[PDB]
Amino acid sequence: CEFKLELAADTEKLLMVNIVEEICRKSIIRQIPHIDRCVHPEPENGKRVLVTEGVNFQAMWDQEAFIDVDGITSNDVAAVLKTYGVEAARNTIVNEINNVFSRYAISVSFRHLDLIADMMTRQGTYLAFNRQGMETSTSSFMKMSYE
Amino acid sequence: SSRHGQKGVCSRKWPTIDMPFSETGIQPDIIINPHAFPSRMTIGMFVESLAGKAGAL
Amino acid sequence: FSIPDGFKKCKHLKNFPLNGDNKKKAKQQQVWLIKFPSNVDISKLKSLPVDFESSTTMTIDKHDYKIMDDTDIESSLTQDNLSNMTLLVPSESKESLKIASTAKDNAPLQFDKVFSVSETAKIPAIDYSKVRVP
Amino acid sequence: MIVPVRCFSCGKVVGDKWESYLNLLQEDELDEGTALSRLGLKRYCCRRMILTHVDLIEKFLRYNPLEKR
Amino acid sequence: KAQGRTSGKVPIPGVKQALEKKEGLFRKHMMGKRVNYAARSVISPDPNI
Amino acid sequence: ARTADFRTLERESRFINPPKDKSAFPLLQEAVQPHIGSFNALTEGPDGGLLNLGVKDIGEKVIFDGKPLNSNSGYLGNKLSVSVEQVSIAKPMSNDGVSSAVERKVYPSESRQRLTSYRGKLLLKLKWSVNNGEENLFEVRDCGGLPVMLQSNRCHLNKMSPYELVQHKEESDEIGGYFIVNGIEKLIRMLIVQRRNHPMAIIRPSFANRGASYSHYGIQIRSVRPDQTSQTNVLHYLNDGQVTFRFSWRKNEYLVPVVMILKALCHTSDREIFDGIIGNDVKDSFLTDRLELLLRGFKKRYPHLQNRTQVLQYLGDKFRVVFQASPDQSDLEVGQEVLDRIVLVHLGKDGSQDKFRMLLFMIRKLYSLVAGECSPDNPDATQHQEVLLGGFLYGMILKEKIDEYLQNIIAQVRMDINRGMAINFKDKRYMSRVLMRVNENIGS
Amino acid sequence: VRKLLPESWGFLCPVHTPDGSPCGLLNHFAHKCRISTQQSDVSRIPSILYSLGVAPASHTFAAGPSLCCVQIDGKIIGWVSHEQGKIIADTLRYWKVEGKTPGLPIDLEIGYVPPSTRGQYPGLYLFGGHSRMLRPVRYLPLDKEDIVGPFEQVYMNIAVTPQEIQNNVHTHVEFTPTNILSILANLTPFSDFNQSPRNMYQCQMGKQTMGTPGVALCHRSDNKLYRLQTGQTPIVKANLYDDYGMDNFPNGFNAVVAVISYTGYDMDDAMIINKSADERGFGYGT
Amino acid sequence: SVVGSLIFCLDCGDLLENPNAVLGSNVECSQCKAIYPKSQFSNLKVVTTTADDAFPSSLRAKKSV
Amino acid sequence: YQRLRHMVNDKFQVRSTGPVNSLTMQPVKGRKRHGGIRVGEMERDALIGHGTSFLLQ
Amino acid sequence: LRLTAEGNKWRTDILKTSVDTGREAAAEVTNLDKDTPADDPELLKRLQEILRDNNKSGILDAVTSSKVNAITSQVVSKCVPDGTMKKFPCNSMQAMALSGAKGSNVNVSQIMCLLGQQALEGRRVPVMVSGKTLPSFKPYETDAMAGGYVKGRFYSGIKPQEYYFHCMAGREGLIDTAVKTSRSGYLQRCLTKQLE
Amino acid sequence: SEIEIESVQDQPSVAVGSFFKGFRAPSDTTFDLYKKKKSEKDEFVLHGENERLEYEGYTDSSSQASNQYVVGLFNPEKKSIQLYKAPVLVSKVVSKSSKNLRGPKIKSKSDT
Amino acid sequence: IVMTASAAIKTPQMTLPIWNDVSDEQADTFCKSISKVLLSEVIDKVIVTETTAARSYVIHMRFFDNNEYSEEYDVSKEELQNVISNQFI
RNA sequence: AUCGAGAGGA
DNA sequence: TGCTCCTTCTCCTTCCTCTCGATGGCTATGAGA
DNA sequence: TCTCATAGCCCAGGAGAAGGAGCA
Ligand SMILES: [Zn+2]
Ligand SMILES: [Zn+2]
């Protein structure tokens, strides 16, 4: 495919191939938004699933004729917080920390992660433990002695 | 410490009458922990001990 | 111009014989550019076996010298006026030089076979059996 | 350091042989194990007392502040 | 946050900087306190007690 | 035919009778080879030491009194020049300080059992010129007690016998190497820096951290002088078409477009720049358009610069009030001095062709790194590192302190002239009073 | 930067390195590591390079990866091809090891950077300046001693033992492979039988041993000093103990050791001493 | 001569004013005052491509047979 | 073997009632200064985890 | 810590299979014809192409690691409980390191048979710029031991190159146990201040 | 494949210069040649002018005693060569417009 | 997870269960359906030829074969036409 | 005794 | 008239022991020989 | 009457804020 452009003499030189390469890495043909790519995983004590890097839900709600839309799991919290309310992000937190400690085969009781996930939700949404999460709590000296 | 990295702390100076005695007549100077050898993998201490007994004879 | 007193005045320049063999670009002249080391004697040789064009070795006084050809920038038929160095030939002894030309052109000229003489020493082979002792 | 008095583990007094041990090396011009056998140290726990020793204490006797150099 | 007579760069401690870090006050003298009637040693095994 | 020996008899014979000719264990004295070599290279060498080579680099100091004499603006007068012709260090010689008796030898046991330093006196040859050598003086000024290195060219235990090394209250293998100050042995630890005079092509985030249009592609080079001083020179590739240049000076840096440096080294044409950078690679239109950007942007941004002299006086105007030669020097010589002191200081004079070649080569390798036809590099490997020794840095710091003290002398003269004191610098007691007021305590 | 890189084979000690905070940084050299403190007289090097058939850079007007750039330690000389470049590199090493030309020192670092896809920019570099880390190896076509620096180490073959020298695989070999260790690393017996963090712990515990500081201890006024009375030579010792003169400074002493769990005290690095050994001078400290 | 979109003087080699930005029949030099060419030059043009680096794809890895 | 320069006679320190740093009336830092040893915040977490608040006060 | 002559016979015989392991693994990942020596110029160019890319190098080193660990676990499960010079309630080393006293059977395998591969951050040893791992290797050798497959053991003596790569593994381990001391404690303090 | 050596001229006959590619030097300018005797070779010195510019140059002292070039003239039917010793004149051009400069200051004081 | 509470995950992922009637070829067809496709994935060569009529330049793009990205990314050449038409230029 | 700098240990 | 996305600044963090140092300079007064 | 010789003092690591540069 060959085409032609015309310009005036304002710049009179610029790096044209570099401009075209900067553009061609940002031109999408079929971008399902906020989804990069799916692969073919293997089931480990479960049915057949598909791992998709990139997170979205409306386009996957759309594809119900192919995909079981009732066991959609992920790793991010904020998309689960916007989509499936407040408790599903809590279950995702518990499942992700369970995954991490299963990667080292170090058993941790679920009551402690239960307590962490319910402590991170005591003000409605997904609360941090940095200065921003301590900021909402109403203890003066506890905020003082940290940062 | 020895010459194989296996440092240590003298916990008790053991009396010579309480020492294990050999058939030749002698008793050792330092008794060392035998369980330190699998984890640390210091097999050269065997070699230094054997060569030193050879040089001592 | 009084440029410094360490400089003196040249006075002799013998003329360059262009038209001893020159005709209209068909005489197959071999006018060369030669890159010699300044270590050897010049006017006591008798021949110059540089016609092999790749392996024209000439060992001079117990040391090897490979005379390679240059199809590079001094003799390439790729770029116009690719000859950096310009053949400056005189008209008489004291007078200034002028640029030599293949015809009525006022343009530089390249040279027909350009060389490069590298000092090749022996660097002998390894005694294999002496060094692989068990 | 001077050669010690007894053995480290045994207690068989062994430094008394020392210079005579040196007399077996300097004057007698003998091998090491032969001279150690002629001294009669049949246990090797004294053979590590004599052979391993170095007379550094002579080197401390060239910096005498009482002696006029 | 001030100006400065530069090229030596020696800030003498304002009362803000004496309150902010481990070298401040809440960790150096409020929480981390060197105590009285304490001891410190190297240890040794004893399978008889 | 045994494998290993004790050598008890040879050990005892070497203990009781140390050798009176040569030190025992000649392999031991390769361990402290770098410190003692880097301290002995200060005084002797292929040119007679390198510190005296180094003091012939700082040039001269020029001051003017103000001189209302009878126009005294362009003919002000009293061109006082302060410079140094020669610096050498004496071996340690001490005495009773009163009446200056003949000084006996100094041994390191005299500093061990005094809990103080071990110092030899520092002396310099101060050239005191007045108005282009019209009144030339050669004042000798002692500096004070400078520490030396043990068993080196300025300590007496260097080549004495091991027998006397026992007799002079030292170990039989007292190799030393350390310095002694305040009764404490301390030395200067070696360092690892970038290998000198080698154009290193790197990519780092801190290059782009400086500002906009700053690519990661950079040639770092560490230009040294023959006194083992150095100067960092950084070449950034831009996203514009220019190539920027970093160089440090007195805890400050600058940014210079590189074609200013190119036409400041030598008057030339742009075809020479083309022939130097890309060569026979003319089909590669990438770097061709980069050089086209460079030349058109240079001769479009400032077309009023058309030789070397205009650009050098432009540099001398732009760089007048920081190099501190402002009340006297013409801007042409100021620019030539800065190009002598910043760009490619491994040549000095008669370097302009080779400096020009080196700069075009660094531009070629920089744009080659942009196009990705060479791998990135790393200062972590031993391929591109070098060792900074103790004595070389010691001589550098002493050069620095001497130059600082001469500048402090010039500052004292500038403070004195504005009061209305003695105008003429020929006077001996005036100069003696000025040197009395100044502090020359270099040893402390 | 803390990680060990494989270009340090011969120059820095892979074993002798502290732990804790300076771990990975604070390296140590080998006993065959000379730090050159001299400008070697390499002024005749460009002249013999022009003898070797190199056109001058003034008369060249070229710069590119196809043309090998011939430099001396920060100063461009000329432009050649790469085949003749490596011929000149190895022939110049041949003229380095053999004393044929008097204006050429033994310690000229000849780095031939070959044309390789995604490597460093090519060229033949010659280093003859100060502060160059130098080390000797054995050179095979003349079978002598060869000074090699690290910038030419990657692009050239350095073997380990003579019996595995293979056909056109190496041009260099070590005198002894134990040259790759430091001074204190060689004083650990049978280092190649141990897990290397224990060798690092050994080469760091060796620098804290209360032993022999000297024999001039009646003339010094040191702040704190430590003397061990009883000093002994190890029977199990390396040859560098005899060579580099640790004989003047006995650090410790030999002992008879039964590897046994007899006491019940020796668990997790403990060790037990006979009491009469203590009572008869088991390293009395001062 | 002209090299791509780059041309200089045949004597001094200085950079010149753009022939597609002049009004006269020639090109005046920035330092000397000479006329080269007579404006009947072969027109200013280049031919440039990509570098086979900036375009990643698994399809590109399919070409690695 | 070889004897390390670390010993037990140096590294032990103890205190009953020593010098107090009268800037804050807090026990001073230093072994030769007769200084006590330091509690960390992680050790405060360890004492809250047992709940032993009387010993914590 | 000794075997019988048949134990060392098995050790040498199965380590004779480690000659072309990296060769055939590189032939696998390169996707060319198998049974090709370590000097093929198209193979060496493609190995340079693999080496200059990071993830391609990771794939090659994962395949090499899988094959050499297959050989390793083969030798371990063959020789280590079976062909000892003295059996289990006389072999005090196995009597220690089986009941959970010190370490595992991995240490017994590294003493008695071979160390294996020194996995610096889960892969093969890093390379110099010219396609050489050590100065004693010709460029792009297809030996697994050139990638660090330590065939030697802590009893019969290890090669110097094996010792050098083991020093790399030890320095990596010391860096890893130094970096994780002041790391997790900050997170622990940050989520003790919240939950007190 | 052998080529005979006929005549080796010892006197300076042809010396080769070098300016740049595309340089042709019309008839207005001349190639002024000066001598220097350092007692082993001759640094030929090139000078020249035209209506607006001026070129000067020489042969460098680090190369001409380490290099030598030969002008060759061969005839195959004669099978003969003339061989001239030749240094290469390296010379650069400046302009007559390059005689412009600023004064040694810009009249600054402590207020400036 | 617990301290920072960040939304910019390093590798955010999603695990979608599939039904039992869907075969592996059908699920991989869905995987080629869901996937994000960049333009430079189907670009072999970009050739820019400037000529200065004022300053201008002609762009020639050599793509790959149509069946390749048709089978791999489910893209026709007229979808390529429309995406050059809409967003690229 | 404050700040730097250095060293060393679990 | 009012309401968003693109640039800067502006923020913050394992335990112990020991040693060793730690402002320059511009003016007074004040005898010595 | 100057020369000393001193007193008395002047390169992570993103997350927020916060406000300009365009848009219904
Ligand atoms: Zn005994
Ligand atoms: Zn012109």
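Cut-off values and rules
- Residues numbered from 1 in each chain as written, not as in the entry; some residues may be left out.
- Chains lettered and ligands numbered in written order.
- Part of a larger assembly, values for the part shown.
- Heavy atoms only, no water.
- Helix = DSSP H or I, 4+ residues; strand = E, 2+ residues; numbered from the N terminus.
- Buried < 20%, exposed > 50% of the residue type's maximum accessible area, 1.4 Å probe, protein only.
- Contact = heavy atoms within 4.5 Å.
- Areas by Shrake-Rupley, 256 points an atom, 1.4 Å probe, with all protein chains shown as cover.
- Buried area = accessible area lost by both parts, 1.4 Å probe.
- Salt bridge = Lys/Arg side-chain N within 4 Å of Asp/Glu carboxyl O.
- Polar contact = N/O pair within 3.5 Å; in protein donor to acceptor, adjacent residues only side chain to side chain.
- Pairing = 2+ DSSP bridges.
- Axes fitted to C-alpha atoms, helices over the stretch in contact; angles between N-to-C directions.
- Near = heavy atom within 4 Å.
- Nonpolar A, V, L, I, M, F, W, Y, C, P; charged D, E, K, R; others polar.
- Donors = N, O, S within 2.8 Å, 3.2 Å for Na, K, Ca; no water.
- Tetrahedral: all angles 85-135°; square planar, octahedral: opposite > 155°, others 65-115°.
- Core = buried A, V, L, I, M, F, W, Y, C linked by side-chain atoms within 4.5 Å.

- This deposited entry lists cryo-EM as its structure determination method and 4.6 Å as its resolution.

**Side note on the overall build of chain J**
Next, step 1: If you tally the helices and strands in chain J, you get eight helices and two strands.
Next, step 2: Along chain J, from the amino end to the carboxyl end, the secondary structure elements read α-α-α-α-α-α-β-β-α-α.
Next, step 3: Along the three orthogonal principal directions, the C-alpha set of chain J runs to about 60 × 55 × 25 Å.
Next, step 4: For chain J, with 196 residues in total, the buried portion stands at 48%.
Next, step 5: Residue pairs in contact within chain J that sit at least 24 positions apart in sequence constitute 65% of those at least 6 positions apart.
Next, step 6: Counting only carbon and sulfur atoms, one obtains 52% of the accessible surface of chain J, whose full area is about 9400 Å².

**Comments concerning the interface of chain F and chain K**
Next, step 1: Chain F puts 15 residues into the contact, and the matching count from chain K is 18 residues.
Next, step 2: Taking both partners together, chain F and chain K bury about 1300 Å²; carbon and sulfur atoms supply 42% of that area.
Next, step 3: When the area that chain F buries against chain K is broken down by residue, the three leading residues are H267(F), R271(F) and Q313(F), summing to 31%.
Next, step 4: The interface formed by chain F and chain K contains one salt bridge.
Next, step 5: Where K21(K) meets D275(F), a salt bridge forms, and the shortest distance between an N and an O atom there is 4.0 Å.
Next, step 6: Joining chain F to chain K, the criterion identifies four residue pairs in polar contact.

**As for the sheet that holds strand 6 (residues 137-147) of chain F**
The strands making up a sheet are joined through hydrogen bonds of the backbone, oriented either antiparallel or parallel.
All names here are of chain F.
Next, step 1: Pairing is antiparallel in the open sheet, where four strands are placed in the order 1-2-5-6. Unpaired on one side and paired on the other, strand 1 (61-63) and strand 6 mark the two borders of the sheet. Along the sheet, successive strands turn relative to each other by an average axial angle of 25°, direction set aside.
Next, step 2: Two elements, strand 1 and strand 2 (residues 80-89), share three bridges in a ladder whose sense is antiparallel. Within strand 2, the residue paired with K61 across the bridge is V82.
Next, step 3: Contacts from helix 14 (residues 428-437) reach strand 5 (119-130) and strand 6 within the one sheet, and its direction differs from that of strand 6 by about 20°.

**Structural notes on the protein's contact with DNA strand N**
Next, step 1: Taken together, 22 residues surround DNA strand N, and among them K1(E), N223(G), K224(G), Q13(I) and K32(I) come closest.
Next, step 2: Between DNA strand N and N223(G), the relevant distance is 2.4 Å, taken from a phosphate oxygen to a side-chain nitrogen or oxygen of the residue.
Next, step 3: Note that a phosphate oxygen of DNA strand N is positioned 2.4 Å from one of the side-chain N or O atoms of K224(G).
Next, step 4: Broken down by class, the residue content of the surface near DNA strand N amounts to four nonpolar, seven polar and eleven charged.

**Notes on the pairing of strand 7 (residues 80-86) of chain K**
All names here are of chain K.
Next, step 1: Counting buried residues along strand 7, five of its seven residues qualify, which places the element largely inside the surrounding structure.
Next, step 2: Examined bridge by bridge, strand 1 (residues 7-9) and strand 7 share three bridges and lie parallel to one another. Bridge pairing in strand 7 links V8 to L83.
Next, step 3: Note that strand 6 (residues 68-75) and strand 7 share seven bridges and pair antiparallel. Looking at the pairing, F74 lines up with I81 of strand 7.

**A few points about the protein's contact with DNA strand O**
Next, step 1: Every residue near DNA strand O is listed here: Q132(A), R204(F), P205(F), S206(F), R429(F), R433(F), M436(F) and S6(L).
Next, step 2: Near the protein, within 4 Å, the atoms of DNA strand O are sugar or phosphate in 88% of cases.
Next, step 3: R433(F) places a side-chain nitrogen or oxygen 3.3 Å from a phosphate oxygen of DNA strand O.
Next, step 4: At 3.0 Å from a phosphate oxygen of DNA strand O is found a side-chain nitrogen or oxygen belonging to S6(L).
Next, step 5: If you list the elements that add at least two residues to the surface near DNA strand O, you get helix 6 (205-208) and helix 14 of chain F.
Next, step 6: Looking at the surface near DNA strand O element by element, the count peaks at three residues for helix 14 of chain F.
Next, step 7: Looking at the surface near DNA strand O residue by residue, the classes come out as two nonpolar, three polar and three charged.

**Topic: the coordination of the zinc ion (ligand 1)**
The expected angle between donors at a tetrahedral four-coordinate metal is 109.5 degrees. At an octahedral six-coordinate metal it is 90 or 180 degrees.
Residues and elements named next belong to chain D.
Next, step 1: Within the protein, the zinc ion (ligand 1) binds to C7 (SG), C10 (SG), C45 (O) and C46 (N); these donor distances fall in the range 2.5 to 2.8 Å.
Next, step 2: Taken together, the four donor atoms surrounding the zinc ion (ligand 1) define angles of 49 to 153° at the centre, an arrangement classified as irregular.
Next, step 3: Read N to C, the donor residues that coordinate the zinc ion (ligand 1) are spaced as C-x2-C-x34-C-C. Of the two residues, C7 sits in the segment before helix 1 (18-25) while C45 sits in helix 3 (residues 44-50), which places them 38 residues apart along the sequence. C45 matches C7 in its accessibility class, with the two residues each being buried.

**As for the nonpolar core**
Residues and elements named next belong to chain F.
Next, step 1: The biggest cluster of nonpolar side chains holds 54 residues, and the ones touching the most others in it are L235 and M362.
Next, step 2: Of the residues forming this core, the biggest block, ten residues, is contributed by helix 12 (residues 352-370).
Next, step 3: Residues within four places of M362 in sequence aside, it is in contact with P199, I219, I221, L235 and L344.
Next, step 4: Judged by nonpolar contacts, the second largest core, of 44 residues, contains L42, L124, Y394 and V413.

**Focus: the coordination of the zinc ion (ligand 2)**
Residue and element names in this part refer to chain H.
Next, step 1: Around the zinc ion (ligand 2), the protein supplies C12 (SG) and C32 (SG) as donor atoms, at distances of 2.4 Å. With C12 in the loop between strand 2 (6-7) and helix 1 (58-62) and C32 in the loop between strand 2 and helix 1, the pair connects residues that are 20 residues apart, well separated along the chain.
Next, step 2: The exposure class of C32 is buried, given its relative accessible area of 6%.

**Some details on the arrangement of the chains**
Next, step 1: Here the protein chains form 30 pairs of chains in contact, of which the pair with the most contacts is chains A and L.
Next, step 2: The two units chain D and chain I never meet; even their closest C-alpha atoms stay 13 Å apart.
Next, step 3: The two units chain A and chain K remain apart, with a minimum C-alpha distance of 25 Å.

**Some thoughts on the pattern of salt bridges**
Next, step 1: Under the counting rule described, the total for this entry stands at 70 salt bridges over all chains.
Next, step 2: With a shortest N-O distance of 2.6 Å, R40(B) and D269(G) are connected by a salt bridge. Linking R40(B) in helix 1 (residues 36-40) with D269(G) in the loop between helix 4 (239-243) and strand 10 (270-274), this pair reaches from one chain into another.
Next, step 3: Overlapping salt bridges bring together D57(F), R225(F), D227(F), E337(F), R341(F) and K399(F) as one network.

**Details of the interface of chain L and chain A**
Next, step 1: At the junction of the two partners, chain L supplies 53 residues and chain A supplies 63 residues.
Next, step 2: Both sides together, the interface formed by chain L and chain A hides about 5900 Å², and carbon and sulfur atoms give 63% of it.
Next, step 3: Looking only at chain L, the three residues that lose the most surface to chain A are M14(L), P17(L) and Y57(L), adding up to 13% of its buried area.
Next, step 4: Joining chain L to chain A, the criterion identifies three salt bridges.
Next, step 5: A salt bridge links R48(A) to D24(L); the shortest N-O distance between them is 3.2 Å.
Next, step 6: On inspection of chain L and its partner chain A, the count reaches 30 residue pairs in polar contact.
Next, step 7: Only strand 1 (13-17), helix 1 (24-34), strand 2 (43-51), strand 3 (56-63) and helix 3 (77-88) of chain L provide two or more residues apiece to the side of chain L that touches chain A.
Next, step 8: For the side of chain L that touches chain A, the element with the most residues is helix 1 of chain L, which contributes eight residues.

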